[PDB]
file query_2.cif (mmCIF, C-alpha atoms (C1' of nucleotides); chains and numbers go by the auth columns)
data_coords
#
loop_
_atom_site.group_PDB
_atom_site.id
_atom_site.type_symbol
_atom_site.label_atom_id
_atom_site.label_comp_id
_atom_site.label_asym_id
_atom_site.label_seq_id
_atom_site.Cartn_x
_atom_site.Cartn_y
_atom_site.Cartn_z
_atom_site.B_iso_or_equiv
_atom_site.auth_seq_id
_atom_site.auth_asym_id
ATOM 1 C CA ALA A 1 -13.271 -23.693 9.608 0.00 24 A
ATOM 2 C CA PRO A 2 -14.267 -20.136 10.778 0.00 25 A
ATOM 3 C CA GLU A 3 -10.806 -19.801 12.433 0.00 26 A
ATOM 4 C CA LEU A 4 -9.364 -21.156 9.136 0.00 27 A
ATOM 5 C CA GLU A 5 -11.252 -18.300 7.375 0.00 28 A
ATOM 6 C CA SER A 6 -10.065 -15.806 10.061 0.00 29 A
ATOM 7 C CA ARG A 7 -6.832 -15.227 8.051 0.00 30 A
ATOM 8 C CA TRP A 8 -8.563 -16.275 4.781 0.00 31 A
ATOM 9 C CA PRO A 9 -8.470 -13.803 1.831 0.00 32 A
ATOM 10 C CA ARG A 10 -12.207 -14.544 1.289 0.00 33 A
ATOM 11 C CA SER A 11 -12.712 -10.921 2.495 0.00 34 A
ATOM 12 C CA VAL A 12 -10.712 -9.696 -0.548 0.00 35 A
ATOM 13 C CA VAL A 13 -13.133 -11.598 -2.862 0.00 36 A
ATOM 14 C CA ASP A 14 -16.215 -10.295 -1.026 0.00 37 A
ATOM 15 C CA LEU A 15 -14.997 -6.767 -1.873 0.00 38 A
ATOM 16 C CA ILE A 16 -14.609 -6.882 -5.689 0.00 39 A
ATOM 17 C CA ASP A 17 -18.409 -7.461 -5.791 0.00 40 A
ATOM 18 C CA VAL A 18 -18.951 -4.624 -3.238 0.00 41 A
ATOM 19 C CA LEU A 19 -17.159 -2.430 -5.820 0.00 42 A
ATOM 20 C CA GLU A 20 -18.994 -4.139 -8.684 0.00 43 A
ATOM 21 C CA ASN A 21 -22.536 -3.326 -7.671 0.00 44 A
ATOM 22 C CA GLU A 22 -21.927 0.412 -7.403 0.00 45 A
ATOM 23 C CA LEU A 23 -19.798 0.546 -10.561 0.00 46 A
ATOM 24 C CA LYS A 24 -22.381 -1.513 -12.441 0.00 47 A
ATOM 25 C CA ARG A 25 -25.141 0.635 -10.928 0.00 48 A
ATOM 26 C CA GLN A 26 -23.265 3.804 -11.890 0.00 49 A
ATOM 27 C CA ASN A 27 -22.724 2.144 -15.305 0.00 50 A
ATOM 28 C CA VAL A 28 -19.004 2.469 -15.964 0.00 51 A
ATOM 29 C CA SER A 29 -17.236 0.357 -18.579 0.00 52 A
ATOM 30 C CA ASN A 30 -15.758 -2.980 -17.453 0.00 53 A
ATOM 31 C CA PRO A 31 -16.757 -3.625 -13.810 0.00 54 A
ATOM 32 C CA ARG A 32 -14.459 -6.514 -12.937 0.00 55 A
ATOM 33 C CA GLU A 33 -11.080 -5.164 -14.017 0.00 56 A
ATOM 34 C CA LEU A 34 -11.684 -1.727 -12.550 0.00 57 A
ATOM 35 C CA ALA A 35 -12.699 -3.168 -9.181 0.00 58 A
ATOM 36 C CA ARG A 36 -9.822 -5.649 -8.834 0.00 59 A
ATOM 37 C CA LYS A 37 -7.122 -3.021 -9.402 0.00 60 A
ATOM 38 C CA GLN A 38 -9.278 -0.863 -7.125 0.00 61 A
ATOM 39 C CA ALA A 39 -8.896 -3.507 -4.418 0.00 62 A
ATOM 40 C CA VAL A 40 -5.148 -3.931 -4.926 0.00 63 A
ATOM 41 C CA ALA A 41 -4.640 -0.329 -3.868 0.00 64 A
ATOM 42 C CA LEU A 42 -6.474 -1.028 -0.605 0.00 65 A
ATOM 43 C CA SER A 43 -4.345 -4.118 -0.039 0.00 66 A
ATOM 44 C CA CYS A 44 -1.095 -2.173 -0.377 0.00 67 A
ATOM 45 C CA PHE A 45 -2.608 0.774 1.485 0.00 68 A
ATOM 46 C CA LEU A 46 -3.867 -1.310 4.390 0.00 69 A
ATOM 47 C CA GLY A 47 -1.629 -4.392 4.458 0.00 70 A
ATOM 48 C CA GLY A 48 -1.349 -6.098 7.841 0.00 71 A
ATOM 49 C CA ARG A 49 -2.873 -3.458 10.131 0.00 72 A
ATOM 50 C CA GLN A 50 -5.773 -2.674 12.517 0.00 73 A
ATOM 51 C CA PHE A 51 -8.318 -0.404 10.806 0.00 74 A
ATOM 52 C CA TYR A 52 -11.585 1.027 12.106 0.00 75 A
ATOM 53 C CA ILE A 53 -14.024 1.293 9.213 0.00 76 A
ATOM 54 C CA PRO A 54 -16.944 3.620 10.035 0.00 77 A
ATOM 55 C CA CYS A 55 -19.664 1.115 10.768 0.00 78 A
ATOM 56 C CA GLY A 56 -23.438 0.960 10.875 0.00 79 A
ATOM 57 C CA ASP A 57 -24.787 3.698 8.560 0.00 80 A
ATOM 58 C CA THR A 58 -22.653 6.490 10.098 0.00 81 A
ATOM 59 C CA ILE A 59 -21.713 7.631 6.613 0.00 82 A
ATOM 60 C CA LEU A 60 -25.278 6.961 5.442 0.00 83 A
ATOM 61 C CA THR A 61 -26.502 9.443 8.048 0.00 84 A
ATOM 62 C CA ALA A 62 -24.678 12.230 6.234 0.00 85 A
ATOM 63 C CA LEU A 63 -26.491 11.352 3.011 0.00 86 A
ATOM 64 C CA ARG A 64 -29.804 10.749 4.752 0.00 87 A
ATOM 65 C CA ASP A 65 -29.206 14.115 6.390 0.00 88 A
ATOM 66 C CA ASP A 66 -28.558 16.025 3.159 0.00 89 A
ATOM 67 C CA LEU A 67 -31.725 14.893 1.395 0.00 90 A
ATOM 68 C CA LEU A 68 -33.863 15.676 4.443 0.00 91 A
ATOM 69 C CA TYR A 69 -32.650 19.279 4.570 0.00 92 A
ATOM 70 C CA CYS A 70 -33.509 19.519 0.873 0.00 93 A
ATOM 71 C CA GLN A 71 -37.070 18.323 1.514 0.00 94 A
ATOM 72 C CA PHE A 72 -37.528 20.507 4.605 0.00 95 A
ATOM 73 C CA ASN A 73 -39.885 23.156 3.211 0.00 96 A
ATOM 74 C CA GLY A 74 -40.806 25.009 6.410 0.00 97 A
ATOM 75 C CA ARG A 75 -44.126 23.528 7.497 0.00 98 A
ATOM 76 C CA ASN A 76 -43.828 19.759 6.837 0.00 99 A
ATOM 77 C CA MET A 77 -41.886 19.071 10.061 0.00 100 A
ATOM 78 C CA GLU A 78 -44.259 16.165 10.683 0.00 101 A
ATOM 79 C CA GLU A 79 -44.072 14.803 7.131 0.00 102 A
ATOM 80 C CA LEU A 80 -40.356 14.016 6.964 0.00 103 A
ATOM 81 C CA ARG A 81 -40.420 12.762 10.551 0.00 104 A
ATOM 82 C CA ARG A 82 -42.751 9.887 9.676 0.00 105 A
ATOM 83 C CA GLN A 83 -40.967 9.194 6.405 0.00 106 A
ATOM 84 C CA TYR A 84 -37.605 8.974 8.175 0.00 107 A
ATOM 85 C CA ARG A 85 -39.039 7.697 11.504 0.00 108 A
ATOM 86 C CA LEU A 86 -36.907 10.432 13.110 0.00 109 A
ATOM 87 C CA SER A 87 -38.022 12.694 15.986 0.00 110 A
ATOM 88 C CA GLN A 88 -38.621 16.449 16.609 0.00 111 A
ATOM 89 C CA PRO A 89 -35.170 17.046 18.255 0.00 112 A
ATOM 90 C CA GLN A 90 -33.350 15.226 15.398 0.00 113 A
ATOM 91 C CA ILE A 91 -35.295 17.220 12.761 0.00 114 A
ATOM 92 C CA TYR A 92 -34.568 20.592 14.480 0.00 115 A
ATOM 93 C CA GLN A 93 -30.829 19.802 14.891 0.00 116 A
ATOM 94 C CA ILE A 94 -30.289 18.655 11.264 0.00 117 A
ATOM 95 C CA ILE A 95 -32.333 21.674 10.020 0.00 118 A
ATOM 96 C CA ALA A 96 -30.271 24.299 11.908 0.00 119 A
ATOM 97 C CA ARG A 97 -26.968 22.573 10.968 0.00 120 A
ATOM 98 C CA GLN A 98 -27.631 22.404 7.182 0.00 121 A
ATOM 99 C CA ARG A 99 -29.115 25.955 7.325 0.00 122 A
ATOM 100 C CA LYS A 100 -25.797 27.279 8.696 0.00 123 A
ATOM 101 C CA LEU A 101 -24.077 25.115 6.030 0.00 124 A
ATOM 102 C CA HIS A 102 -25.974 26.721 3.075 0.00 125 A
ATOM 103 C CA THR A 103 -25.677 30.228 4.640 0.00 126 A
ATOM 104 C CA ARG A 104 -21.869 29.737 4.447 0.00 127 A
ATOM 105 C CA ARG A 105 -22.438 28.780 0.760 0.00 128 A
ATOM 106 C CA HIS A 106 -24.637 31.780 -0.238 0.00 129 A
ATOM 107 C CA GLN A 107 -22.606 34.192 1.961 0.00 130 A
ATOM 108 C CA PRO A 108 -18.887 34.613 1.030 0.00 131 A
ATOM 109 C "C1'" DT B 1 91.647 4.846 -36.492 0.00 1 B
ATOM 110 C "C1'" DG B 2 88.729 2.323 -39.322 0.00 2 B
ATOM 111 C "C1'" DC B 3 85.863 -1.633 -39.007 0.00 3 B
ATOM 112 C "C1'" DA B 4 81.459 -3.942 -38.343 0.00 4 B
ATOM 113 C "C1'" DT B 5 77.630 -4.052 -35.033 0.00 5 B
ATOM 114 C "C1'" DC B 6 73.611 -2.800 -32.361 0.00 6 B
ATOM 115 C "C1'" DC B 7 69.973 0.348 -31.155 0.00 7 B
ATOM 116 C "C1'" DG B 8 65.855 3.614 -31.422 0.00 8 B
ATOM 117 C "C1'" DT B 9 63.085 6.299 -34.758 0.00 9 B
ATOM 118 C "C1'" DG B 10 59.254 7.029 -38.266 0.00 10 B
ATOM 119 C "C1'" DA B 11 50.518 10.462 -37.894 0.00 11 B
ATOM 120 C "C1'" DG B 12 46.201 11.670 -38.146 0.00 12 B
ATOM 121 C "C1'" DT B 13 41.047 10.749 -37.032 0.00 13 B
ATOM 122 C "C1'" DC B 14 38.375 6.632 -38.602 0.00 14 B
ATOM 123 C "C1'" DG B 15 34.920 0.811 -40.000 0.00 15 B
ATOM 124 C "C1'" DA B 16 34.149 -4.472 -39.618 0.00 16 B
ATOM 125 C "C1'" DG B 17 34.715 -8.555 -38.728 0.00 17 B
ATOM 126 C "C1'" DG B 18 37.203 -11.170 -34.940 0.00 18 B
ATOM 127 C "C1'" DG B 19 38.390 -15.635 -34.101 0.00 19 B
ATOM 128 C "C1'" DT B 20 41.992 -21.012 -34.912 0.00 20 B
ATOM 129 C "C1'" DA B 21 44.912 -25.366 -33.190 0.00 21 B
ATOM 130 C "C1'" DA B 22 50.612 -30.570 -34.820 0.00 22 B
ATOM 131 C "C1'" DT B 23 49.656 -34.030 -30.215 0.00 23 B
ATOM 132 C "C1'" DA B 24 49.045 -36.968 -25.649 0.00 24 B
ATOM 133 C "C1'" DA B 25 47.349 -43.806 -21.155 0.00 25 B
ATOM 134 C "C1'" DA B 26 45.576 -45.720 -18.426 0.00 26 B
ATOM 135 C "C1'" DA B 27 44.523 -48.588 -13.689 0.00 27 B
ATOM 136 C "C1'" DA B 28 44.407 -48.438 -8.586 0.00 28 B
ATOM 137 C "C1'" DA B 29 43.832 -46.335 -3.924 0.00 29 B
ATOM 138 C "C1'" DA B 30 43.334 -42.325 -1.267 0.00 30 B
ATOM 139 C "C1'" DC B 31 41.589 -38.287 0.079 0.00 31 B
ATOM 140 C "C1'" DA B 32 38.905 -33.918 -0.114 0.00 32 B
ATOM 141 C "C1'" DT B 33 34.622 -31.745 -0.615 0.00 33 B
ATOM 142 C "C1'" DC B 34 30.056 -30.242 -2.057 0.00 34 B
ATOM 143 C "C1'" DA B 35 25.407 -31.542 -2.261 0.00 35 B
ATOM 144 C "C1'" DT B 36 20.944 -32.788 -0.144 0.00 36 B
ATOM 145 C "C1'" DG B 37 17.987 -33.794 3.735 0.00 37 B
ATOM 146 C "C1'" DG B 38 16.339 -33.626 8.265 0.00 38 B
ATOM 147 C "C1'" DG B 39 16.199 -31.257 12.704 0.00 39 B
ATOM 148 C "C1'" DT B 40 16.684 -27.293 16.471 0.00 40 B
ATOM 149 C "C1'" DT B 41 16.600 -21.693 16.963 0.00 41 B
ATOM 150 C "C1'" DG B 42 14.603 -17.874 16.023 0.00 42 B
ATOM 151 C "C1'" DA B 43 12.503 -14.395 13.862 0.00 43 B
ATOM 152 C "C1'" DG B 44 9.320 -12.977 12.452 0.00 44 B
ATOM 153 C "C1'" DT B 45 4.523 -11.426 10.580 0.00 45 B
ATOM 154 C "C1'" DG B 46 -0.661 -12.334 12.319 0.00 46 B
ATOM 155 C "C1'" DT B 47 -4.795 -11.511 15.216 0.00 47 B
ATOM 156 C "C1'" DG B 48 -7.501 -10.915 18.505 0.00 48 B
ATOM 157 C "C1'" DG B 49 -8.390 -8.361 22.790 0.00 49 B
ATOM 158 C "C1'" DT B 50 -9.593 -3.889 26.975 0.00 50 B
ATOM 159 C "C1'" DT B 51 -9.943 1.150 27.484 0.00 51 B
ATOM 160 C "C1'" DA B 52 -9.107 6.356 26.278 0.00 52 B
ATOM 161 C "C1'" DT B 53 -12.877 8.559 24.133 0.00 53 B
ATOM 162 C "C1'" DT B 54 -15.847 13.281 21.350 0.00 54 B
ATOM 163 C "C1'" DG B 55 -19.989 14.501 18.241 0.00 55 B
ATOM 164 C "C1'" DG B 56 -25.154 13.403 18.391 0.00 56 B
ATOM 165 C "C1'" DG B 57 -29.707 12.888 20.179 0.00 57 B
ATOM 166 C "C1'" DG B 58 -32.023 13.219 23.432 0.00 58 B
ATOM 167 C "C1'" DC B 59 -35.901 15.094 27.987 0.00 59 B
ATOM 168 C "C1'" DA B 60 -35.965 19.159 31.637 0.00 60 B
ATOM 169 C "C1'" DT B 61 -36.792 23.555 32.556 0.00 61 B
ATOM 170 C "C1'" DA B 62 -37.739 27.480 31.009 0.00 62 B
ATOM 171 C "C1'" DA B 63 -39.745 30.934 27.528 0.00 63 B
ATOM 172 C "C1'" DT B 64 -42.864 34.188 23.262 0.00 64 B
ATOM 173 C "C1'" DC B 65 -46.222 34.024 20.166 0.00 65 B
ATOM 174 C "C1'" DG B 66 -51.481 32.739 18.665 0.00 66 B
ATOM 175 C "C1'" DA B 67 -56.755 32.404 19.088 0.00 67 B
ATOM 176 C "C1'" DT B 68 -61.779 34.708 22.434 0.00 68 B
ATOM 177 C "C1'" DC B 69 -65.394 36.111 27.075 0.00 69 B
ATOM 178 C "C1'" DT B 70 -65.323 39.550 31.221 0.00 70 B
ATOM 179 C "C1'" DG B 71 -64.393 44.857 33.038 0.00 71 B
ATOM 180 C "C1'" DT B 72 -64.156 50.519 32.082 0.00 72 B
ATOM 181 C "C1'" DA B 73 -66.263 56.104 29.567 0.00 73 B
#
call {"tool": "encode", "arguments": {"input": "query_2.cif", "output": "structure tokens"}}
result
Amino acid sequence: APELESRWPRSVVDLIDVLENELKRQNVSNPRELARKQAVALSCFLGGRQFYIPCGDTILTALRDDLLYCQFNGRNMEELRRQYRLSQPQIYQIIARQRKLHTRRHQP
DNA sequence: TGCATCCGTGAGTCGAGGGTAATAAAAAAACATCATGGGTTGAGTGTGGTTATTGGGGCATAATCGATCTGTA
């Protein structure tokens, strides 16, 4: 049965909902139809091929990282370390990185 | 020389329906041939698998402030 599902399109189905919950959350008109055509593009784009999808929050780091730099206010280095369960080295690194990032924004 | 005889000629763009029909023999055998259906090749498209990683975070080993009790005219 699992091996039967191995080549099963069940994965396709699982995805329309993955698209649904963000589209419904973002509140756009007509979830279902938008997401199915949305999937068809992926099917043609990625038909019959090995693909590494960035796994296990790697993208979510970048968004976790952006908010943290926004809440870094110069003396709360302990506060956001509890509330993200991160550590001193992590905090320092992200801080310096996003600081350079914004400095490229303010500076030409 | 006169006679009949045959052989090419003769506009131009345009439109709309546009196709119709006097008749007729059956058996048999014989053969050709395509049509479907079932089975080997074979030709794929399908799917997991080991091994090259390059940013990131991390602990060492160093370093430059911040706050108070002992020594010198």
call {"tool": "interface_residues", "arguments": {"input": "query_2.cif", "of": "chain B", "to": "chain A", "cutoff": "8 Å", "atoms": "all atoms listed in the file", "output": "number ranges by chain"}}
result
B: 46, 57-58
call {"tool": "closest_residue", "arguments": {"input": "query_2.cif", "among": "A:83, A:114, A:76, A:38", "to": "residue 61 in chain A", "atoms": "all atoms listed in the file"}}
result
A:38
call {"tool": "closest_residue", "arguments": {"input": "query_2.cif", "among": "A:82, A:91, A:65, A:27", "to": "residue 105 in chain A", "atoms": "all atoms listed in the file"}}
result
A:91
call {"tool": "atom_distance", "arguments": {"input": "query_2.cif", "atom1": "CA of residue 119 in chain A", "atom2": "CA of residue 131 in chain A"}}
result
18.8 Å
call {"tool": "residues_around", "arguments": {"input": "query_2.cif", "residues": "residue 40 in chain A", "least_positions_apart": "4", "cutoff": "8 Å", "atoms": "only C-alpha atoms (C1' of nucleotides)", "output": "PyMOL selection string"}}
result
chain A and resi 36+44+58
call {"tool": "closest_residue", "arguments": {"input": "query_2.cif", "among": "A:92, A:31, A:37, A:70", "to": "residue 124 in chain A", "atoms": "only C-alpha atoms"}}
result
A:92
call {"tool": "atom_distance", "arguments": {"input": "query_2.cif", "atom1": "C1' of residue 51 in chain B", "atom2": "CA of residue 79 in chain A"}}
result
21.4 Å
call {"tool": "axis_aligned_box", "arguments": {"input": "query_2.cif", "around": "range 16-35 of chain B", "padding_each_side": "3 Å", "output": "JSON"}}
result
{"center_x": 38.0, "center_y": -26.5, "center_z": -19.8, "size_x": 31.2, "size_y": 50.1, "size_z": 45.7}
call {"tool": "atom_distance", "arguments": {"input": "query_2.cif", "atom1": "CA of residue 97 in chain A", "atom2": "CA of residue 121 in chain A"}}
result
13.5 Å
call {"tool": "resolve_selection", "arguments": {"input": "query_2.cif", "expression": "the PyMOL selection byres ((chain A and resi 42) around 12)", "output": "ChimeraX atom specification"}}
result
/A:35-41,43-51,53-62,65
call {"tool": "closest_residue", "arguments": {"input": "query_2.cif", "among": "B:61, B:47, B:54, B:68", "to": "residue 26 in chain A", "atoms": "all atoms listed in the file"}}
result
B:47
call {"tool": "resolve_selection", "arguments": {"input": "query_2.cif", "expression": "the PyMOL selection byres ((chain A and resi 93) around 12)", "output": "PyMOL selection string"}}
result
chain A and resi 86-92+94-97+99+103+117-118+121-122+125
call {"tool": "decode", "arguments": {"input": "query_2.cif", "residues": "range 39-66 of chain A", "atoms": "N, CA and C atoms", "output": "compact mmCIF listing (two decimals), in the first residue's frame"}}
result
# COMPACT_ATOMS: atom_id res chain seq x y z
N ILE A 39 -2.84 21.14 -2.98
CA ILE A 39 -3.86 22.20 -3.24
C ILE A 39 -4.22 22.81 -1.88
N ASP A 40 -4.37 21.97 -0.85
CA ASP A 40 -4.70 22.46 0.51
C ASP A 40 -3.53 23.30 1.04
N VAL A 41 -2.30 22.84 0.84
CA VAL A 41 -1.10 23.62 1.28
C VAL A 41 -1.25 25.03 0.70
N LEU A 42 -1.63 25.13 -0.57
CA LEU A 42 -1.87 26.47 -1.18
C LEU A 42 -3.12 27.07 -0.54
N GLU A 43 -4.16 26.27 -0.33
CA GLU A 43 -5.39 26.84 0.21
C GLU A 43 -5.13 27.65 1.48
N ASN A 44 -4.45 27.06 2.46
CA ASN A 44 -4.52 27.65 3.79
C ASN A 44 -3.82 29.00 3.83
N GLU A 45 -2.81 29.20 2.98
CA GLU A 45 -2.21 30.53 2.90
C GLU A 45 -3.08 31.49 2.09
N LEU A 46 -3.65 31.02 0.98
CA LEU A 46 -4.53 31.88 0.19
C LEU A 46 -5.77 32.25 0.98
N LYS A 47 -6.37 31.29 1.68
CA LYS A 47 -7.51 31.60 2.53
C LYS A 47 -7.09 32.50 3.68
N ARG A 48 -5.93 32.24 4.28
CA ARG A 48 -5.41 33.12 5.33
C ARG A 48 -5.14 34.52 4.80
N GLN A 49 -4.51 34.63 3.64
CA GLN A 49 -4.29 35.93 3.02
C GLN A 49 -5.58 36.52 2.47
N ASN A 50 -6.65 35.73 2.41
CA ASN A 50 -7.97 36.20 1.97
C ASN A 50 -7.90 36.73 0.54
N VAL A 51 -7.70 35.82 -0.41
CA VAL A 51 -7.90 36.13 -1.82
C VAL A 51 -9.18 35.45 -2.28
N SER A 52 -9.78 35.97 -3.35
CA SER A 52 -11.02 35.39 -3.86
C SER A 52 -10.77 34.01 -4.48
N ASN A 53 -11.67 33.07 -4.17
CA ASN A 53 -11.70 31.74 -4.78
C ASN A 53 -10.46 30.88 -4.53
N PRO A 54 -10.29 30.36 -3.31
CA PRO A 54 -9.13 29.51 -3.03
C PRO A 54 -8.92 28.37 -4.02
N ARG A 55 -9.93 27.51 -4.20
CA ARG A 55 -9.69 26.22 -4.84
C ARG A 55 -9.15 26.39 -6.25
N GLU A 56 -9.84 27.19 -7.07
CA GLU A 56 -9.46 27.29 -8.47
C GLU A 56 -8.09 27.91 -8.61
N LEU A 57 -7.79 28.94 -7.83
CA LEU A 57 -6.46 29.52 -7.91
C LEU A 57 -5.38 28.50 -7.58
N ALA A 58 -5.61 27.67 -6.56
CA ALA A 58 -4.54 26.77 -6.13
C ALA A 58 -4.35 25.60 -7.09
N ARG A 59 -5.43 25.10 -7.71
CA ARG A 59 -5.25 23.99 -8.64
C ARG A 59 -4.45 24.40 -9.86
N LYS A 60 -4.82 25.50 -10.52
CA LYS A 60 -4.00 25.99 -11.63
C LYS A 60 -2.59 26.26 -11.14
N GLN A 61 -2.48 26.76 -9.90
CA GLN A 61 -1.19 27.01 -9.27
C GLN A 61 -0.35 25.75 -9.21
N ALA A 62 -1.00 24.61 -8.94
CA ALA A 62 -0.31 23.34 -8.87
C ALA A 62 0.09 22.85 -10.26
N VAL A 63 -0.78 23.07 -11.25
CA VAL A 63 -0.52 22.56 -12.59
C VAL A 63 0.79 23.11 -13.12
N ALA A 64 1.09 24.37 -12.80
CA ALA A 64 2.36 24.94 -13.21
C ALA A 64 3.52 24.14 -12.62
N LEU A 65 3.43 23.79 -11.34
CA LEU A 65 4.49 23.00 -10.71
C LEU A 65 4.64 21.66 -11.40
N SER A 66 3.51 21.03 -11.74
CA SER A 66 3.55 19.74 -12.40
C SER A 66 4.32 19.81 -13.71
